[PDB]
Amino acid sequence: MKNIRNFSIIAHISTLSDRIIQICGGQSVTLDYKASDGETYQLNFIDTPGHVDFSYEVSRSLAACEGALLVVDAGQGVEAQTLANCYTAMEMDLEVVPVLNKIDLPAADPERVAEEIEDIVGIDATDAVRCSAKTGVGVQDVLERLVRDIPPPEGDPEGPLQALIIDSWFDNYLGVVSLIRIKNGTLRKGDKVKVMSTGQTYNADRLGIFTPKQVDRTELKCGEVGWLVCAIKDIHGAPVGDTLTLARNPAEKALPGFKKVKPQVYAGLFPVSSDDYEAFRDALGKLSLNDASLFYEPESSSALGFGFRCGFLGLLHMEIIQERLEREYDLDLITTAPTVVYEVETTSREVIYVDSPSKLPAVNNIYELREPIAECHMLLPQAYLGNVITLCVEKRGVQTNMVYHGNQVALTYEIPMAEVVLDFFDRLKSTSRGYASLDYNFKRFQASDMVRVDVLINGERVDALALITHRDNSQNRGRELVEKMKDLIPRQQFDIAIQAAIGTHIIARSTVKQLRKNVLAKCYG
């Protein structure tokens, strides 16, 4: 155990990971490093996604580490995407090792970037190892620093097994494969294992390490990271963050910090052409085999046809899947505005949760409707803050903190999730012209004057299209909706009456005029 270093990399823009592999061996790697002390160290490097959509997946990977390398471009500086992960890595007791990369570039300013790390992250950066990507010098010095500072792993190898599931995927030949950290005990080949969430037991048919090449082993001992193949049916059967133990001597308690994350953002997806339904259903199925957190459930509108109601972790989780659906499976989809999860107290005081507005209990039965609030961390040059908070309050945000970092401002606001999810990020980007970095996570539910806009077209109730929004801009969101539809619905054979209402009271009503005879229905570019 004492010669093992488990660490992850927090960076942005040959990446350091590739150069480390090159001076050792030659998503995760197990490497050997003969150090200046003449001894050999097993380096286990777990990769880290940079976005707060995968906030949980990130934290589970970090729970598998004792340290992390904060890799900053010496020619650029720090950026908020590495900040979120950096703080969580520090909240958990991980040794964060600062690295100044790309010192070779004509732009490199190491001393000033050493101040930026010290000022914004609060890590001792004065003796940070620095390294070239052109030549590769310093990478060994980084590795030496890694070995000296990151604590070795801990546990009892004879203790009852506790293996942290870092990640689980589907292999088209091997079945389900899990990347595993042995926190406690020892896992051998024959061993019959138990997944602690599910309570189900399987045989460890195969296990090994990534070299990067997939290499079989006969056991994974304490402090180690590797892969495991037992015939778990789907990746849901080995949830990320779960803990593996042995069936004959099961651990009393699972490793802390496990949860099965439920989608934060729901949306409705419908194929432009009904003929694509078969492919779309297949595409979601194919996606779901590797996406542990993608939720999808059939939904059919009168208006929009047969499609699917889908749950996502956040905006670019949705956008990754949308981009994938669009390009991999060549599907053209209509997508409804994203709607978030509300917390509602019934007249008979019970707490229920609402994904889709249509399901929200009657206005008479609601004692208190509670709205999700997102805490938004932002980095922006001083010349834009006026343009930024004016948007923040415009979206009903409340300022929680502000810190100055040279000629740069660190804003932290409390903006209603419902509103962050409806393209706020874009309006922020165009008012700061790409200079404001968003970073948000769920904070709290709060009581709020929240109403439900119902769409009906051809007098038919389109539940898929319903939205929950605040009173003060229900008139505007209803009006924008009727306009959005006028784009999706061209002038056709019949008149199409579109309207938004609150219960009985109509807020906007527009009709899409029918074509004359012998005129084809056209659409805008």
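Read left to right, the sequence shown gives residues 1 to 13, 18 to 30, 57 to 555 (PDB author numbering). The beta carbon of each residue, even a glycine, is placed where N, CA and C say it ideally should be.
* To do: Might you give, ordered along the chain, the residues of its own chain that have their beta carbon closer than 6 Å to the beta carbon of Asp83, omitting 5 neighbours on each side?
  => Only residues of its own chain outside the window of five on either side were considered, and among them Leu343, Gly344, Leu346, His347 have a CB closer than 6 Å to the CB of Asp83, listed in chain order.
* **Contiguous beta strand (DSSP E) assignments of at least 3 residues, all confined to the segment 254 to 328** => 255 to 259, 273 to 276, 295 to 301
* Asked: Going by C-alpha distance, which of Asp453, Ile76, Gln544 is nearest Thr241?
  -> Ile76
* Asked: So does the segment 113 to 121 actually touch the segment 199 to 207, counting three or more Cβ pairs closer than 8 Å?
  -> No contact exists between the segment 113 to 121 and the segment 199 to 207.
* Could you tell me whether the segment 503 to 515 touches the segment 459 to 473, using the rule of 3 or more Cβ pairs below 8 Å? => By the criterion of at least three beta-carbon pairs nearer than 8 Å, the segment 503 to 515 is not in contact with the segment 459 to 473.
* Residues bridged to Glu121 (per DSSP) -> According to DSSP, which records beta bridges pairwise, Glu121 is partnered with nothing at all.
* **Ordered list of alpha helix (DSSP H) runs contained in the segment 131 to 200, each at least 4 residues** => 140 to 150, 169 to 179
* Asked: Beta carbon of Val381, beta carbon of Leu390: below 8 Å?
  -> Contact annotation: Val381 and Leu390 have beta-carbon atoms that are not nearer than 8 Å.
* Asked: Taking DSSP as the reference, what is the three-state secondary structure of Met408?
  -> strand
* **Proximity below 8 Å, CB of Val542 to CB of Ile528** => yes
* **Spatially closest choice to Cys553 from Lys2, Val88, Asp67, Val302, by CA coordinates** => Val302
* Asked: Using the C-alpha atoms, what's the distance from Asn131 back to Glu174?
  -> 16 Å
* **Residues bridged to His535 (per DSSP)** => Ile532
* Assign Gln26 to one of three DSSP states: helix, strand, or coil. => helix
* Only counting runs of 3 or more residues, tell me where the beta strand (DSSP E) segments fall wholly within the segment 436 to 517, in order along the chain. => 438 to 446, 470 to 477, 480 to 487, 497 to 500
* Coarse secondary structure for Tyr86, derived from DSSP in three states -> helix
* Asked: In chain order, what residues of the same chain lie with their CB nearer than 7 Å to the CB of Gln57, ignoring the 5 residues before and after it?
  -> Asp77
* Asked: Would you say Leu285 and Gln192 are within 8 Å of each other, going by their C-beta atoms?
  -> yes
* To do: Please name the residue, chosen from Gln522, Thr534, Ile536, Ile532, that lies closest to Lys547 on a Cα-to-Cα basis.
  => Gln522
* Applying the criterion that 16 or more other CB atoms from any shown protein chain within 10 Å of the CB defines a buried residue, is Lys222 buried or exposed? -> exposed
* **Simplified DSSP assignment, three categories, for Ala527** => strand
* Indicate whether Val108 and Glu148 have their beta-carbon atoms separated by less than 8 Å. => Cβ distance not < 8 Å, so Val108 and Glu148 don't count as in contact.
* What residue from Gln111, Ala297, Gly166 has the CA that sits closest to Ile25's CA? -> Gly166
* State the DSSP-derived secondary structure class of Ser330, mapped to helix, strand or coil. => strand
* To do: Let me know the secondary structure DSSP gives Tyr232 once reduced to three states.
  => strand
* So is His407 buried or exposed if we call it buried at 16+ other beta carbons inside 10 Å? -> buried
* Asked: When DSSP builds the beta bridges, which residues end up paired with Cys116?
  -> Answer is none; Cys116 lacks a bridge partner.
* Let me know the secondary structure DSSP gives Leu550 once reduced to three states. => coil
* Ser388 - partner residues in DSSP beta bridges -> None, per the DSSP bridge assignment.
* Asked: Between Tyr465 and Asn417, what straight-line distance do the alpha-carbon atoms span, to the nearest angstrom?
  -> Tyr465 and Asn417 have their C-alpha atoms roughly 12 Å apart.
* Which whole-angstrom value describes the C-beta separation of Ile180 and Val101, a residue pair presumed to lie in contact below a C-beta threshold of 8 Å? -> With a Cβ gap of about 14 Å, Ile180 and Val101 do not count as contacting.
* Asked: What are the boundary residues of the beta strand (DSSP E) that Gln352 is part of?
  -> Where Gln352 is concerned, there is no enclosing beta strand (DSSP E), although the alpha helix (DSSP H) it sits in stretches over 345 to 357.
* Out of curiosity, what's the CA-to-CA distance linking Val512 and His535? -> 15 Å
* Asked: Is the beta carbon of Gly256 sitting closer than 8 Å to the one on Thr60?
  -> yes
* With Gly341 as the anchor, note down where its alpha helix (DSSP H) starts and where it stops. => Careful: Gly341 lies outside any alpha helix (DSSP H), inside the beta strand (DSSP E) at 335 to 342.
* **Proximity winner among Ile196, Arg160, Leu319, relative to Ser89 (alpha-carbon distances)** => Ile196
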